[PDB]
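In the form deposited in one PDB entry, a lone chain appears below as structure tokens.
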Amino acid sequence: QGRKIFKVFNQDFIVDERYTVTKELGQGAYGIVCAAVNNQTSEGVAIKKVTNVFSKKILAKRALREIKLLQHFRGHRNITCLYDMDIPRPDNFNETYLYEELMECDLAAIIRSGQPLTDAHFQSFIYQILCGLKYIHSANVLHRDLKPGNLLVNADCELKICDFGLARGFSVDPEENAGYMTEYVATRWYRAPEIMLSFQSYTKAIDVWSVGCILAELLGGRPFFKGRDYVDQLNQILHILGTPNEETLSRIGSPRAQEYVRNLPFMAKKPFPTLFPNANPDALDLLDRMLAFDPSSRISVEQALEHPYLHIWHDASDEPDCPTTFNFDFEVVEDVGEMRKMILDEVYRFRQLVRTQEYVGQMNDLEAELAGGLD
């Protein structure tokens, strides 16, 4: 066998025999997460059980998507690092185990705790999100669900993006962009307004918007645009950012929404310095640029990394791109039997994978040459 059965959340939790499951962490609608310890190395790890994978086609597409994207983004400081995967009962399996870097909690928990955060904490958190996002975007992937709950943090205040289950492709097209699939809708409070207003401009700007919402959430200690439904979400955004101009108005590619917004009473922009009077002015300037209502006016990830707010942290030589773009061909699969085969191939291929000039070079070459010059 080679595995142990633990009981967490009144279900079987079957792990690699090299580990002891120590503590339960969160449980979502897509899986349960626990902390474990490598009994030999003493190293800590998080073990995620993706649950009920073949209950709905949408759920196994989600699992396949998370599995492939976690593999593509392995090794980045600001993205949760996948270590190993396991399918304990491959004959009739309905779950997959992901072994990954162990973090302490998520950013939502830190904010919920009310513990004091400094401007330097905000800089650090925003900088780290942007570094991870630069990497993700460079592979032509949109994360689509950035929010404090999808940002893991440890005691050293290191931050890592997680949860790629809603991620979507992006392209220079037209044909390719419209073809990219989106099964789940992202979290309402952090979703860019051009989405609900049908800009048919699905760009990398949608993730920048969410980062702006996170910064605003840090600055006020509470979610900034907290709509109870989509209409209320739109009203709250408009009440802060104000009446949009005519060009932006015309970009609402939806008739009821366009006429709704057109008929509203004039609304003046509420300046962020009035909402956050104690904040760092550079924080508010970056915030204003990330929360541009119209994505065509919204700061890019690269420009944000260069913003004076982040100048202490910014080092272009330390902000890599992903070496290759990510390929979303797999999403056209609609047979759950084929999705099952694909998931097993991803796991076994990954399992074998993970089980597999400078001054010194100049002087080495010099030394070798001086050693056998003559004679």
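In this text, residue numbers run from 1 along the sequence as written.
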Extent of unmodelled deposited sequence, residue 11 relative to residue 10 = none
task = Can you let me know which of the two, 227 to 235 or 245 to 253, has the higher average C-alpha B-factor in the entry?
result = 245 to 253
query = So which stretch wins on mean C-alpha B-factor, 339 to 347 or 49 to 57?
reply = 49 to 57
note = Per the deposited entry, the peak Cα B-factor within the set 220, 114, 179, 277 goes to 179
message = Highest recorded C-alpha temperature factor, please, choosing from 295, 149, 281, 90.
response = 90
message = Taking only the Cα B-factors deposited for this chain, tell me whether residue 165 sits in the lowest, middle or highest third.
response = middle
remark   = Split the chain's modelled residues into thirds by Cα B-factor; residue 124 lands in the lowest
key: Chain-relative CA temperature factor third for residue 101   = middle
request  = Give the position of residue 70 by CA B-factor within its chain, expressed as the lowest, middle or highest third.
outcome  = lowest
remark   = Chain-relative C-alpha B factor for residue 172 (record values, thirds): the highest
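The same protein also exists as the form deposited with a small molecule bound; that form is not shown, yet it is the one meant from here on.
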query = Which one of 102, 195, 219, 117 is close to the small molecule in the entry with it bound, taking close to mean a heavy atom within 4.5 Å?
reply = 102
Single option in 162, 208, 141, 126 placed near the small molecule in the entry with it bound, where near means a heavy atom within 4.5 Å = 162
note = For the small molecule in the entry with it bound, the stretch among 316 to 324, 49 to 57, 344 to 352, 330 to 338 with residues bearing a heavy atom within 4.5 Å is 49 to 57
key: Partner proximity in the entry with it bound: residue 27 to the small molecule, non-hydrogen atom cutoff 4.5 Å   = yes
ask   = If you check in the entry with it bound, is residue 244 within 4.5 Å of the small molecule, heavy atoms only?
value = no
query = Hey, in the entry with it bound, is residue 310 touching the small molecule, heavy atoms inside 4.5 Å?
reply = no
inquiry  = My question is simply whether residue 32 lines the interface with the small molecule in the entry with it bound - judged by any non-hydrogen atom within 4.5 Å.
reply    = yes
